[PDB]
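Trainee: My questions will all concern the structure given below.
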Amino acid sequence: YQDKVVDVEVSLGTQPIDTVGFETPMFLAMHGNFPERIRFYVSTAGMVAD
Amino acid sequence: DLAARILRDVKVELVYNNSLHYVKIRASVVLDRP
């Protein structure tokens, strides 16, 4: 038995996937300015704010 | 890249126009020509 005169399936093969990036460096300094373990900055003006 | 919608490899080339700073000239005086 069937319940539809017309039936259509649609499947999406466009799933994005996580990737690694070989750009961002890290510097492991000594301080107590912020509680978390890592902070990202785009300019020194941001660092001076913290 | 299509999935993430990111285009990367655009490239461009330019030729800057250098101004002139110094000049050197060679002159000569002759009486005739073969």
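Positions of Cβ are backbone-derived with ideal geometry, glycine not excepted, and every protein chain shown enters the neighbour counts. Quick note: the coordinates plus some simple rules give every number you see, no bench work behind them.
Trainee: Report the charge-dipole magnitude of chain A in Debye, nearest 20, computed about the Cα centre from +1 at each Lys and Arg Cβ and -1 at each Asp and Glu Cβ.
Mentor: Values: 3 positive and 7 negative charges, 63 e Å.
Dipole magnitude for chain A comes out near 300 debye.
Trainee: Where the only charges are on Cβ atoms (+1 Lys, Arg; -1 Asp, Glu), what is the dipole of the protein assembly as shown about its Cα centre, to the nearest 20 debye?
Mentor: Here the protein assembly as shown has a charge dipole of around 840 debye.
Trainee: Which Cα, out of A:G21, A:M47, A:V5, lies furthest along the positive dipole direction of chain A (beta carbon charges, K/R +1, D/E -1)?
Mentor: Checking the options against the dipole of chain A, the answer is A:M47.
Trainee: Okay, moving on. One-quarter of the Cα convex hull surface for chain A, in nm²?
Mentor: 8.9 nm²
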